[PDB]
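Take a look at the structure below.
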Amino acid sequence: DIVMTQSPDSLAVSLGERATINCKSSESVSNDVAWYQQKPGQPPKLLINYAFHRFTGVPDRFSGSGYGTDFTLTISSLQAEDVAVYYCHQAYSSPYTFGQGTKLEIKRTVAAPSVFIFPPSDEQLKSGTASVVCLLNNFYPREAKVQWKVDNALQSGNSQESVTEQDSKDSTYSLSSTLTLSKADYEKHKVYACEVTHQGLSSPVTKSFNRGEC
Amino acid sequence: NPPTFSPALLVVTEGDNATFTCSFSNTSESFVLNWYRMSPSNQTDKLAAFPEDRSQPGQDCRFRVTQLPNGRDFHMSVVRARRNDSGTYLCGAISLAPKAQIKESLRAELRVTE
Amino acid sequence: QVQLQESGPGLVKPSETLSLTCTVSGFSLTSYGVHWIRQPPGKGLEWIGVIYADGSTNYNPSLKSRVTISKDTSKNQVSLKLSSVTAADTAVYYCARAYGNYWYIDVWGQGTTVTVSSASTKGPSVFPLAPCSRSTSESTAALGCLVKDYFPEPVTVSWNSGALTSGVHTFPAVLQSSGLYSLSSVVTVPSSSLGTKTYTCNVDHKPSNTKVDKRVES
Ligand SMILES: *[C@@H]1O[C@H](CO)[C@@H](O)[C@H](O)[C@H]1NC(C)=O
Ligand SMILES: *[C@@H]1O[C@H](CO)[C@@H](O)[C@H](O)[C@H]1NC(C)=O
Ligand SMILES: *[C@@H]1O[C@H](CO)[C@@H](O)[C@H](O)[C@H]1NC(C)=O
């Protein structure tokens with residue numbers, strides 16, 4: 001068949017700069033290549049058609065060039081709402097294959113997280129499991145260390161993290177860490193502290209709450 | 001140095017053949033032409049190319065593009081034009097030069113009546 | 001308003017026959033070809049097939065004979081049927097329109113997600129997330145609700161039926177040791193607005209037909 005190969009696999013460029021993604025075909029394809037952007041959870045949306053033409057209604061900073069086997073998507077002045085995955089697609093010979101996709105993430109200034117902690121809901125402790133959750137809001141870069149301490153007993157492996165994609169307004173991440181315990185283990189102790197270290201803080205941040213004192 | 005698409009408007013009557021002329025500064029002599037039809041919402045449809053590419057997904061004998069022996073210009077013809085065909089048409093030239101620009105012509109209108 | 005909406009089972013057991021429908025608005029299927037495209041989780045887009053304007057079909061050879069694409073123009077509907085499925089077939093399925101002679105894909109449906117599993121469907125339980133210490137000196141307050149122990153994907157979470165969207169983060173679903181999915185959805189508000197406005201999160205889960213509006217105020 002025909003394989004489209006994109007370059008690079010992922011790409012981090014600062015705001016206002018120019019971003020280029022390349023797509024190359026195994027068999028020559030004569031300009032029947034379209035560029036689509038897709039953000040998490042929504043369908044792909046068409047950016048460029050016929051290798052050069054800017055689709056109707058897509059901003060002026062998106063442009064396409066190339067023909068035969070080499071094609072380039074170029075965003076001129078990259079801004080925050082363009083963080084996405086980009087796919088080339090050939091409509092030349094069946095099967096009409098896609099590129100593997102290039103994730104375009106943007107590079108940003110440092111931003112410290114806003115820290116919150118939530119105790120397990122009262123309706124959840126009857127069911128016999130207690131999940132205490134710690135939330136980090138609007139930080140950058142993505143590397144941050146969240147540490148659970150129960151009466152200064154540091155929990156090692158009963159927590160999970162999950163991170164949003166870079167926000168299309170301010171280009172920050174948010175992270176949520178869920179610490180799961182049995183109900184007996186949860187009401188066996190009294191102090192819960194989420195401590196988070198990130199480059200945007202002068203010192204580690206600890207936020208806590210006492211058992212049942214809600 | 002872009003190509004030019006003429007005439008600005010031609011009318012034919014629910015049939016026959018309708019042909020336009022697209023002229024270009026054939027510098028490099030190693031390039032491609034596309035012939036597009038732009039919907040009322042500025043959306044473009046690629047009708048043909050010289051040289052021809054593939055007849056699979058792009059199958060429509062209705063639109064021929066032929067090269068004239070003088071080399072400067074090309075005939076863009078719609079054969080037996082249905083009333084669906086009436087609309088705004090445009091020419092486009094692309095040079096395979098390492099920049100691979102797409103020089104782009106002006107709109108041209110086509111009607112079908114009677 | 002050129003629109004495509006997919007519908008189909010959120011759960012199919014392995015070796016079944018999987019059937020999806022794509023209802024079309026804003027154009028007629030006689031003049032436009034419709035493609036089916038597929039996206040596994042975290043993987044790329046894979047082209048499944050196409051039914052052209054006339055009616056001739058064309059599929060991806062990797063789907064040697066398990067795939068069948070048909071259409072009914074009277075209902076403005078295009079249907080995809082894929083036989084003898086395996087866990088390699090769980091993915092999001094999009095229908096999409098091909099535009100123009102010498103075509104390109106312009107308008108995509110919203111895609112419907114299909115999971116292939118022998119396992120049984122299970123609806124989520126939703127719990128409120130409010131701070132233990134009611135805010136005092138805290139200028140900004142954060143609320144949320146934890147959607148836990150559901151299968152399969154996907155679960156949608158809105159806040160106040162879509163009236164509150166700015167500053168909402170719903171995290172991607174994460175898989176637990178139980179083999180079940182769990183996510184949380186948080187929202188950031190000024191703490192002055194805690195005593196006046198009530199915040200209810202609206203979670204729903206399609207495969208289990210689960211609908212819940214949970215109060216968050218604590
Ligand atoms: C119209 O176009 C085709 C090909 O150029 C030709 O067969 C036909 O005779 C043409 N002219 C007329 C008058 O039909
Ligand atoms: C372009 O120019 C060359 C001479 O410069 C001419 O022979 C040719 O017919 C034109 N087009 C092509 C396809 O070469
Ligand atoms: C126009 O309608 C459709 C496509 O627009 C086509 O099937 C039909 O043959 C065309 N002819 C006329 C006379 O409308």
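Scheme for the structure tokens: letters A, B, ... for chains in order shown; per-chain residue numbers from 1; ligand numbers from 1 in order shown.
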
Report task. Would you kindly return, as a ChimeraX atom specification, each protein, DNA or RNA residue with an atom no farther than 8 Å from any atom of region 178-191 of chain A, considering only C-alpha atoms and excluding same-chain residues fewer than 6 positions away? Result -> /A:125,128-134,148,150-151,158-161,208-212

Suppose we keep N, CA and C atoms; can you now write the selection as an mmCIF file, in the first residue's frame?
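Wrote it out as out35.cif, contents follow:
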data_model
loop_
_atom_site.group_PDB
_atom_site.id
_atom_site.type_symbol
_atom_site.label_atom_id
_atom_site.label_comp_id
_atom_site.auth_asym_id
_atom_site.auth_seq_id
_atom_site.Cartn_x
_atom_site.Cartn_y
_atom_site.Cartn_z
ATOM 1 N N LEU A 125 -17.768 6.251 51.911
ATOM 2 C CA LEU A 125 -17.189 5.448 52.980
ATOM 3 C C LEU A 125 -18.089 4.295 53.395
ATOM 4 N N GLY A 128 -17.279 1.105 51.571
ATOM 5 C CA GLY A 128 -16.112 0.400 52.063
ATOM 6 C C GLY A 128 -14.785 0.770 51.436
ATOM 7 N N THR A 129 -14.719 1.859 50.674
ATOM 8 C CA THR A 129 -13.460 2.337 50.116
ATOM 9 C C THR A 129 -13.417 3.853 50.253
ATOM 10 N N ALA A 130 -12.240 4.391 50.570
ATOM 11 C CA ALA A 130 -12.045 5.826 50.750
ATOM 12 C C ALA A 130 -10.992 6.325 49.773
ATOM 13 N N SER A 131 -11.391 7.210 48.864
ATOM 14 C CA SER A 131 -10.470 7.856 47.931
ATOM 15 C C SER A 131 -10.323 9.328 48.305
ATOM 16 N N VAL A 132 -9.138 9.703 48.783
ATOM 17 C CA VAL A 132 -8.795 11.097 49.053
ATOM 18 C C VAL A 132 -8.004 11.635 47.868
ATOM 19 N N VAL A 133 -8.390 12.810 47.369
ATOM 20 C CA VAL A 133 -7.895 13.284 46.080
ATOM 21 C C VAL A 133 -7.148 14.601 46.251
ATOM 22 N N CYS A 134 -6.042 14.751 45.522
ATOM 23 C CA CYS A 134 -5.233 15.964 45.529
ATOM 24 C C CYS A 134 -5.169 16.521 44.113
ATOM 25 N N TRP A 148 2.091 11.708 49.028
ATOM 26 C CA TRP A 148 1.062 11.538 50.043
ATOM 27 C C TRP A 148 1.703 11.195 51.384
ATOM 28 N N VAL A 150 0.379 10.322 55.384
ATOM 29 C CA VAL A 150 -0.682 10.077 56.356
ATOM 30 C C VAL A 150 -0.032 9.936 57.725
ATOM 31 N N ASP A 151 -0.193 10.957 58.570
ATOM 32 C CA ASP A 151 0.530 11.049 59.840
ATOM 33 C C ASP A 151 2.034 10.918 59.610
ATOM 34 N N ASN A 158 -0.309 3.340 46.376
ATOM 35 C CA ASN A 158 -1.761 3.223 46.394
ATOM 36 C C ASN A 158 -2.394 4.488 45.826
ATOM 37 N N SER A 159 -1.684 5.161 44.917
ATOM 38 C CA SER A 159 -2.147 6.390 44.292
ATOM 39 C C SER A 159 -1.950 6.331 42.785
ATOM 40 N N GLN A 160 -2.799 7.062 42.066
ATOM 41 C CA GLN A 160 -2.635 7.248 40.625
ATOM 42 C C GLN A 160 -2.716 8.721 40.255
ATOM 43 N N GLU A 161 -1.905 9.123 39.277
ATOM 44 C CA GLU A 161 -1.961 10.464 38.717
ATOM 45 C C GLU A 161 -2.643 10.426 37.355
ATOM 46 N N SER A 208 -3.312 19.857 53.866
ATOM 47 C CA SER A 208 -3.728 18.701 54.649
ATOM 48 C C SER A 208 -5.141 18.896 55.187
ATOM 49 N N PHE A 209 -5.636 17.851 55.848
ATOM 50 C CA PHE A 209 -6.908 17.886 56.560
ATOM 51 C C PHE A 209 -6.903 16.762 57.589
ATOM 52 N N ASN A 210 -7.638 16.968 58.675
ATOM 53 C CA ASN A 210 -7.719 15.990 59.750
ATOM 54 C C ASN A 210 -8.923 15.068 59.581
ATOM 55 N N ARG A 211 -8.763 13.822 60.033
ATOM 56 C CA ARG A 211 -9.791 12.806 59.841
ATOM 57 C C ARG A 211 -11.079 13.228 60.533
ATOM 58 N N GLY A 212 -12.186 13.186 59.789
ATOM 59 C CA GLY A 212 -13.502 13.366 60.373
ATOM 60 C C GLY A 212 -13.782 14.750 60.915
#

Query - Site check for ligand 1: residues at most 8 Å away, only C-alpha atoms and all ligand atoms, as a ChimeraX atom specification - result: /B:16-17,64,77-80

Would you mind listing what lies within 7 Å of region 84-97 of chain A as a tab-separated table (two decimals) with N, CA, C and O atoms, in the first residue's frame, with only C-alpha atoms counted and same-chain residues fewer than 3 positions away left out?
chain	number	residue	atom	x	y	z
A	1	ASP	N	0.85	-1.19	0.00
A	1	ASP	CA	0.00	0.00	0.00
A	1	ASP	C	0.88	1.25	0.00
A	1	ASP	O	2.05	1.18	-0.40
A	2	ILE	N	0.33	2.37	0.44
A	2	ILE	CA	1.06	3.63	0.55
A	2	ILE	C	1.15	4.00	2.02
A	2	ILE	O	0.13	4.04	2.72
A	3	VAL	N	2.36	4.27	2.50
A	3	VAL	CA	2.60	4.67	3.88
A	3	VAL	C	3.00	6.14	3.89
A	3	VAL	O	3.92	6.55	3.16
A	23	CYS	N	5.58	15.51	6.00
A	23	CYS	CA	4.92	14.25	5.69
A	23	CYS	C	5.41	13.77	4.34
A	23	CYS	O	5.37	14.52	3.35
A	29	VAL	N	2.57	10.63	-4.65
A	29	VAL	CA	1.14	11.03	-4.63
A	29	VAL	C	1.11	12.47	-5.15
A	29	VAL	O	1.89	13.28	-4.63
A	32	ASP	N	-2.68	15.06	-3.69
A	32	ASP	CA	-3.97	14.69	-3.05
A	32	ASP	C	-3.69	14.36	-1.58
A	32	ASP	O	-3.89	13.21	-1.20
A	33	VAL	N	-3.27	15.35	-0.81
A	33	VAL	CA	-2.89	15.16	0.62
A	33	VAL	C	-3.61	16.23	1.41
A	33	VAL	O	-3.56	17.38	1.00
A	34	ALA	N	-4.25	15.85	2.50
A	34	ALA	CA	-4.95	16.85	3.32
A	34	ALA	C	-4.37	16.81	4.73
A	34	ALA	O	-3.98	15.74	5.17
A	35	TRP	N	-4.30	17.97	5.36
A	35	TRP	CA	-3.82	18.10	6.73
A	35	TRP	C	-5.00	18.38	7.65
A	35	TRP	O	-5.77	19.32	7.41
A	36	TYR	N	-5.11	17.57	8.71
A	36	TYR	CA	-6.16	17.66	9.70
A	36	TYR	C	-5.54	17.84	11.08
A	36	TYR	O	-4.51	17.23	11.39
A	37	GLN	N	-6.15	18.70	11.90
A	37	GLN	CA	-5.81	18.76	13.31
A	37	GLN	C	-6.89	18.07	14.13
A	37	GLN	O	-8.07	18.08	13.77
A	38	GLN	N	-6.48	17.46	15.24
A	38	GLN	CA	-7.40	16.79	16.14
A	38	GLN	C	-6.93	17.01	17.57
A	38	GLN	O	-5.78	16.70	17.90
A	39	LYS	N	-7.78	17.59	18.39
A	39	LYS	CA	-7.58	17.74	19.82
A	39	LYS	C	-8.31	16.65	20.58
A	39	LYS	O	-9.28	16.07	20.08
A	100	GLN	N	1.00	8.85	10.86
A	100	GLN	CA	0.91	8.36	12.23
A	100	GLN	C	0.45	9.45	13.19
A	100	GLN	O	0.01	9.13	14.30
A	101	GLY	N	0.54	10.71	12.79
A	101	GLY	CA	0.19	11.82	13.66
A	101	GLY	C	1.40	12.42	14.34
A	101	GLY	O	2.30	11.69	14.78
A	102	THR	N	1.42	13.74	14.44
A	102	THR	CA	2.47	14.46	15.15
A	102	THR	C	1.80	15.30	16.24
A	102	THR	O	1.00	16.18	15.93
A	103	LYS	N	2.13	15.02	17.50
A	103	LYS	CA	1.61	15.84	18.58
A	103	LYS	C	2.42	17.12	18.66
A	103	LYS	O	3.64	17.09	18.85
A	104	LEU	N	1.73	18.25	18.53
A	104	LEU	CA	2.31	19.56	18.69
A	104	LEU	C	1.86	20.08	20.05
A	104	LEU	O	0.67	20.37	20.26
A	105	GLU	N	2.82	20.13	20.97
A	105	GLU	CA	2.73	20.72	22.29
A	105	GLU	C	3.54	22.01	22.24
A	105	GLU	O	4.45	22.15	21.43
C	46	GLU	N	-6.94	5.07	11.26
C	46	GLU	CA	-6.91	4.03	10.24
C	46	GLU	C	-8.14	4.16	9.36
C	46	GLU	O	-9.27	4.24	9.86
C	47	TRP	N	-7.92	4.18	8.05
C	47	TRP	CA	-9.02	4.25	7.10
C	47	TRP	C	-9.67	2.88	6.97
C	47	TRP	O	-8.99	1.89	6.71
C	60	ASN	N	-10.37	-1.34	3.12
C	60	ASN	CA	-8.96	-1.57	3.43
C	60	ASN	C	-8.67	-3.06	3.38
C	60	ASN	O	-9.37	-3.85	4.03
C	103	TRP	N	-11.27	13.82	-4.50
C	103	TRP	CA	-11.95	14.17	-3.26
C	103	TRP	C	-10.98	14.42	-2.11
C	103	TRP	O	-9.79	14.10	-2.17
C	104	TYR	N	-11.52	15.00	-1.04
C	104	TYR	CA	-10.87	15.08	0.25
C	104	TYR	C	-11.94	15.01	1.32
C	104	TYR	O	-13.11	15.35	1.08

Report task. Please give me, as a list in words, the residues lying within 7 Å of ligand 3 when counting only C-alpha atoms and all ligand atoms. Result ->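 After applying the 7 Å limit, what remains is residues 82, 83 and 84 of chain B; 31 of chain C.
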
Would you output that residue set with C-alpha atoms, as a PDB file, in the first residue's frame?
ATOM      1  CA  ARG B  82     -25.581  19.784 -16.827  1.00  0.00           C
ATOM      2  CA  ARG B  83     -27.294  22.593 -14.941  1.00  0.00           C
ATOM      3  CA  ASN B  84     -25.567  21.367 -11.755  1.00  0.00           C
TER       4      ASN B  84
ATOM      5  CA  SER C  31     -24.015  13.188  -4.430  1.00  0.00           C
TER       6      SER C  31
END

Interface list for chain B, partner chain C, 9 Å threshold, only C-alpha atoms, as a short mmCIF file (atom, residue, chain, number, x, y, z; two decimals) with N, CA and C atoms, in the first residue's frame:
data_model
loop_
_atom_site.label_atom_id
_atom_site.label_comp_id
_atom_site.auth_asym_id
_atom_site.auth_seq_id
_atom_site.Cartn_x
_atom_site.Cartn_y
_atom_site.Cartn_z
N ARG B 37 -13.25 24.23 -9.03
CA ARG B 37 -14.56 24.85 -8.97
C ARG B 37 -14.84 25.23 -7.52
N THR B 44 -13.40 24.89 -2.11
CA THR B 44 -12.91 24.54 -3.46
C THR B 44 -13.02 23.06 -3.73
N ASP B 45 -13.26 22.73 -5.00
CA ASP B 45 -13.37 21.35 -5.52
C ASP B 45 -12.36 21.25 -6.66
N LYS B 46 -11.50 20.23 -6.69
CA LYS B 46 -10.47 20.13 -7.75
C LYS B 46 -11.04 19.33 -8.92
N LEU B 47 -11.29 19.98 -10.05
CA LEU B 47 -11.93 19.25 -11.14
C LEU B 47 -10.93 18.47 -11.98
N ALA B 48 -9.77 19.05 -12.27
CA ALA B 48 -8.86 18.33 -13.16
C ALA B 48 -7.42 18.80 -12.96
N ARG B 54 -5.03 10.16 -11.48
CA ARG B 54 -5.63 8.80 -11.43
C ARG B 54 -7.14 8.89 -11.68
N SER B 55 -7.71 7.87 -12.32
CA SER B 55 -9.15 7.86 -12.67
C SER B 55 -9.97 7.07 -11.65
N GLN B 56 -9.37 6.67 -10.52
CA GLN B 56 -10.09 5.87 -9.49
C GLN B 56 -11.10 6.72 -8.73
N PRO B 57 -10.75 7.31 -7.57
CA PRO B 57 -11.68 8.17 -6.85
C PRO B 57 -12.05 9.37 -7.73
N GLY B 58 -11.07 9.95 -8.41
CA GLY B 58 -11.33 11.11 -9.29
C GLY B 58 -11.80 10.66 -10.66
N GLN B 59 -13.01 10.10 -10.74
CA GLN B 59 -13.55 9.60 -12.03
C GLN B 59 -14.68 10.53 -12.49
N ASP B 60 -14.46 11.22 -13.61
CA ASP B 60 -15.43 12.14 -14.25
C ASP B 60 -14.85 12.57 -15.60
#

Report task. For chain A, work out the contacting residues on chain B at 12 Å, counting only C-alpha atoms, and write them as a ChimeraX atom specification. Result -> /B:31-36,38-58,92-104

Query - Within-9 Å residues of ligand 2, basis only C-alpha atoms and all ligand atoms, as a ChimeraX atom specification - result: /B:25-32,50-51,67-72

Query raised in the report: If we count only C-alpha atoms, what is near residue 20 (chain B) at a cut-off of 7 Å, once residues fewer than 2 positions away on the same chain are taken out, given as a list in words?
Result: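 Listed by chain and then number, they are residues 6, 7, 22, 75, 76 and 77 of chain B.
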
Report task. Mind giving me the straight-line distance from CA of residue 111 (chain C) to CA of residue 165 (chain C) in Å, one decimal? Result ->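 It comes out at 22.0 Å.
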
Requested in this report: For residue 215 (chain C), list every protein, DNA or RNA residue within 12 Å, evaluated using only C-alpha atoms, and leave out those in the same chain fewer than 2 positions away; present the list as a ChimeraX atom specification.
Outcome: /A:121,123 /C:126-130,143-146,159-160,197-203,212-213,217-218

Just to be explicit: take each residue in the selection above, keep C-alpha atoms, and write the result as a CSV table (one decimal), in the first residue's frame.
chain,number,residue,atom,x,y,z
A,121,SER,CA,-17.2,11.9,50.4
A,123,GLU,CA,-21.5,8.5,50.6
C,126,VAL,CA,-20.3,9.4,41.3
C,127,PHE,CA,-19.1,11.0,44.5
C,128,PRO,CA,-18.8,14.7,45.4
C,129,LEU,CA,-15.4,16.4,46.0
C,130,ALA,CA,-15.5,19.4,48.3
C,143,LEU,CA,-15.0,21.7,43.7
C,144,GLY,CA,-15.4,18.5,41.8
C,145,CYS,CA,-16.9,15.0,41.5
C,146,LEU,CA,-15.2,11.6,41.2
C,159,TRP,CA,-21.3,21.1,35.1
C,160,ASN,CA,-24.7,22.7,35.7
C,197,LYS,CA,-24.4,29.3,43.8
C,198,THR,CA,-25.1,25.6,43.9
C,199,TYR,CA,-22.9,23.5,41.7
C,200,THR,CA,-24.2,20.1,40.4
C,201,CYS,CA,-22.1,17.9,38.2
C,202,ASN,CA,-24.0,15.9,35.5
C,203,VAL,CA,-22.4,12.6,34.7
C,212,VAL,CA,-26.7,11.3,37.6
C,213,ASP,CA,-26.7,14.9,38.8
C,217,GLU,CA,-21.5,22.1,48.1
C,218,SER,CA,-19.6,20.9,51.2

Report task. Check the DSSP output for the backbone and give back, as a ChimeraX atom specification, the residues of chain B in strand (DSSP E or B). Result -> /B:4-6,9-12,17-23,31-38,44-50,63-67,73-79,87-95,102-112

Selected residues written out, C-alpha atoms, as a PDB file, in the first residue's frame:
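Written out: again-v7.pdb:
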ATOM      1  CA  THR B   4      -4.786  34.042 -16.077  1.00  0.00           C
ATOM      2  CA  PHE B   5      -8.218  32.465 -16.562  1.00  0.00           C
ATOM      3  CA  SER B   6     -10.551  33.685 -19.313  1.00  0.00           C
ATOM      4  CA  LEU B   9     -18.105  34.823 -17.965  1.00  0.00           C
ATOM      5  CA  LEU B  10     -19.506  32.467 -20.590  1.00  0.00           C
ATOM      6  CA  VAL B  11     -23.063  31.050 -20.893  1.00  0.00           C
ATOM      7  CA  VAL B  12     -24.156  27.789 -22.607  1.00  0.00           C
ATOM      8  CA  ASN B  17     -19.411  21.767 -24.572  1.00  0.00           C
ATOM      9  CA  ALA B  18     -18.196  24.781 -22.525  1.00  0.00           C
ATOM     10  CA  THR B  19     -14.482  25.615 -22.612  1.00  0.00           C
ATOM     11  CA  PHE B  20     -12.258  28.093 -20.728  1.00  0.00           C
ATOM     12  CA  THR B  21      -8.679  29.137 -21.458  1.00  0.00           C
ATOM     13  CA  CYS B  22      -5.945  29.285 -18.815  1.00  0.00           C
ATOM     14  CA  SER B  23      -2.632  30.880 -19.787  1.00  0.00           C
ATOM     15  CA  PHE B  31       5.033  21.868 -13.521  1.00  0.00           C
ATOM     16  CA  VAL B  32       1.358  20.929 -13.101  1.00  0.00           C
ATOM     17  CA  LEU B  33      -1.969  22.696 -13.613  1.00  0.00           C
ATOM     18  CA  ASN B  34      -5.080  22.222 -11.512  1.00  0.00           C
ATOM     19  CA  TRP B  35      -8.590  23.305 -12.489  1.00  0.00           C
ATOM     20  CA  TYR B  36     -10.895  24.029  -9.544  1.00  0.00           C
ATOM     21  CA  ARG B  37     -14.561  24.854  -8.968  1.00  0.00           C
ATOM     22  CA  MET B  38     -15.285  27.039  -5.935  1.00  0.00           C
ATOM     23  CA  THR B  44     -12.906  24.544  -3.455  1.00  0.00           C
ATOM     24  CA  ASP B  45     -13.365  21.345  -5.516  1.00  0.00           C
ATOM     25  CA  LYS B  46     -10.472  20.126  -7.753  1.00  0.00           C
ATOM     26  CA  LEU B  47     -11.928  19.254 -11.140  1.00  0.00           C
ATOM     27  CA  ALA B  48      -8.855  18.332 -13.157  1.00  0.00           C
ATOM     28  CA  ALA B  49      -5.087  18.412 -13.577  1.00  0.00           C
ATOM     29  CA  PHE B  50      -2.503  18.457 -16.361  1.00  0.00           C
ATOM     30  CA  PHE B  63     -13.997  17.595 -17.261  1.00  0.00           C
ATOM     31  CA  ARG B  64     -11.154  17.510 -19.803  1.00  0.00           C
ATOM     32  CA  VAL B  65      -8.000  19.638 -19.664  1.00  0.00           C
ATOM     33  CA  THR B  66      -5.951  19.635 -22.871  1.00  0.00           C
ATOM     34  CA  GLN B  67      -2.635  21.264 -23.766  1.00  0.00           C
ATOM     35  CA  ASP B  73      -2.127  28.133 -22.572  1.00  0.00           C
ATOM     36  CA  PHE B  74      -4.519  25.243 -21.977  1.00  0.00           C
ATOM     37  CA  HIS B  75      -8.183  24.471 -22.645  1.00  0.00           C
ATOM     38  CA  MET B  76     -10.402  23.572 -19.659  1.00  0.00           C
ATOM     39  CA  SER B  77     -13.587  21.998 -21.051  1.00  0.00           C
ATOM     40  CA  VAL B  78     -16.803  20.696 -19.502  1.00  0.00           C
ATOM     41  CA  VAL B  79     -18.532  18.301 -21.914  1.00  0.00           C
ATOM     42  CA  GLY B  87     -20.809  27.998 -10.953  1.00  0.00           C
ATOM     43  CA  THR B  88     -17.519  29.871 -10.293  1.00  0.00           C
ATOM     44  CA  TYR B  89     -14.339  28.288 -11.747  1.00  0.00           C
ATOM     45  CA  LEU B  90     -10.630  29.018 -11.236  1.00  0.00           C
ATOM     46  CA  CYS B  91      -7.214  27.997 -12.598  1.00  0.00           C
ATOM     47  CA  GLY B  92      -4.098  27.136 -10.630  1.00  0.00           C
ATOM     48  CA  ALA B  93      -0.470  26.521 -11.607  1.00  0.00           C
ATOM     49  CA  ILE B  94       2.140  24.743  -9.498  1.00  0.00           C
ATOM     50  CA  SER B  95       5.866  24.631 -10.237  1.00  0.00           C
ATOM     51  CA  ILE B 102       1.087  27.338  -6.246  1.00  0.00           C
ATOM     52  CA  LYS B 103       0.538  30.450  -8.349  1.00  0.00           C
ATOM     53  CA  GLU B 104      -3.178  31.161  -8.433  1.00  0.00           C
ATOM     54  CA  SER B 105      -5.455  32.783 -11.034  1.00  0.00           C
ATOM     55  CA  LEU B 106      -8.730  34.755 -10.768  1.00  0.00           C
ATOM     56  CA  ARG B 107     -12.364  33.619 -10.620  1.00  0.00           C
ATOM     57  CA  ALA B 108     -14.425  33.017 -13.761  1.00  0.00           C
ATOM     58  CA  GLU B 109     -18.194  32.505 -13.939  1.00  0.00           C
ATOM     59  CA  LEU B 110     -20.210  29.957 -15.945  1.00  0.00           C
ATOM     60  CA  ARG B 111     -23.961  29.792 -16.600  1.00  0.00           C
ATOM     61  CA  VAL B 112     -26.267  27.225 -18.227  1.00  0.00           C
TER      62      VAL B 112
END

Query raised in the report: Do you know which residues are at most 10 Å from residue 166 (chain C) counting only C-alpha atoms, after dropping those on the same chain fewer than 5 positions away, and could you put them as a PyMOL selection string?
Result: chain C and resi 187-189

Okay, now the selection with N, CA and C atoms, as an mmCIF file, in the first residue's frame?
data_model
loop_
_atom_site.group_PDB
_atom_site.id
_atom_site.type_symbol
_atom_site.label_atom_id
_atom_site.label_comp_id
_atom_site.auth_asym_id
_atom_site.auth_seq_id
_atom_site.Cartn_x
_atom_site.Cartn_y
_atom_site.Cartn_z
ATOM 1 N N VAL C 187 -13.665 21.905 39.060
ATOM 2 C CA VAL C 187 -13.990 23.248 38.607
ATOM 3 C C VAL C 187 -13.455 24.224 39.646
ATOM 4 N N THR C 188 -12.973 25.372 39.183
ATOM 5 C CA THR C 188 -12.403 26.398 40.046
ATOM 6 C C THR C 188 -13.321 27.611 40.070
ATOM 7 N N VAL C 189 -13.702 28.041 41.268
ATOM 8 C CA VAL C 189 -14.629 29.161 41.422
ATOM 9 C C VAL C 189 -14.065 30.135 42.437
#

**Report entry** region 117-121 of chain C surroundings by only C-alpha atoms, 10 Å radius, close-in-sequence under 4 positions cut, as a list in words
**Finding:**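 My reading of the contact set: residues 10, 11, 12, 13, 14, 15, 85, 86, 87, 89, 90, 150, 151, 152, 207 and 208 of chain C.
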
Report task. Mind the document's chain letters and residue numbers, and return as an MDAnalysis selection string the residues of region 2-209 of chain A that DSSP labels helix (DSSP H, G or I). Result -> chainID A and resid 80:82 122:126 183:186

Mind dumping the selected residues with N, CA and C atoms as an mmCIF file, in the first residue's frame?
data_model
loop_
_atom_site.group_PDB
_atom_site.id
_atom_site.type_symbol
_atom_site.label_atom_id
_atom_site.label_comp_id
_atom_site.auth_asym_id
_atom_site.auth_seq_id
_atom_site.Cartn_x
_atom_site.Cartn_y
_atom_site.Cartn_z
ATOM 1 N N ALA A 80 -1.716 29.553 21.441
ATOM 2 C CA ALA A 80 -2.022 28.494 22.402
ATOM 3 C C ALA A 80 -3.093 27.539 21.889
ATOM 4 N N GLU A 81 -4.068 28.046 21.164
ATOM 5 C CA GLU A 81 -5.175 27.187 20.749
ATOM 6 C C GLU A 81 -4.807 26.199 19.630
ATOM 7 N N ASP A 82 -3.534 26.020 19.280
ATOM 8 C CA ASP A 82 -3.121 25.105 18.221
ATOM 9 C C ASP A 82 -2.452 23.834 18.751
ATOM 10 N N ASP A 122 -18.890 11.395 52.055
ATOM 11 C CA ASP A 122 -19.548 10.594 53.080
ATOM 12 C C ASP A 122 -20.333 9.436 52.477
ATOM 13 N N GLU A 123 -20.821 9.586 51.244
ATOM 14 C CA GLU A 123 -21.515 8.479 50.597
ATOM 15 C C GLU A 123 -20.564 7.383 50.131
ATOM 16 N N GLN A 124 -19.264 7.669 50.037
ATOM 17 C CA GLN A 124 -18.302 6.688 49.552
ATOM 18 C C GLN A 124 -17.745 5.799 50.655
ATOM 19 N N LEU A 125 -17.768 6.251 51.911
ATOM 20 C CA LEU A 125 -17.189 5.448 52.980
ATOM 21 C C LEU A 125 -18.089 4.295 53.395
ATOM 22 N N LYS A 126 -19.403 4.432 53.211
ATOM 23 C CA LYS A 126 -20.299 3.298 53.417
ATOM 24 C C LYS A 126 -19.965 2.140 52.483
ATOM 25 N N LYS A 183 -11.759 1.539 54.154
ATOM 26 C CA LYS A 183 -12.435 2.421 55.106
ATOM 27 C C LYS A 183 -11.805 2.339 56.492
ATOM 28 N N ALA A 184 -11.469 1.125 56.933
ATOM 29 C CA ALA A 184 -10.815 0.957 58.224
ATOM 30 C C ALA A 184 -9.476 1.680 58.246
ATOM 31 N N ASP A 185 -8.671 1.481 57.199
ATOM 32 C CA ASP A 185 -7.405 2.195 57.084
ATOM 33 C C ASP A 185 -7.614 3.703 57.061
ATOM 34 N N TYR A 186 -8.733 4.170 56.499
ATOM 35 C CA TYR A 186 -8.931 5.610 56.376
ATOM 36 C C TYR A 186 -9.295 6.238 57.714
#
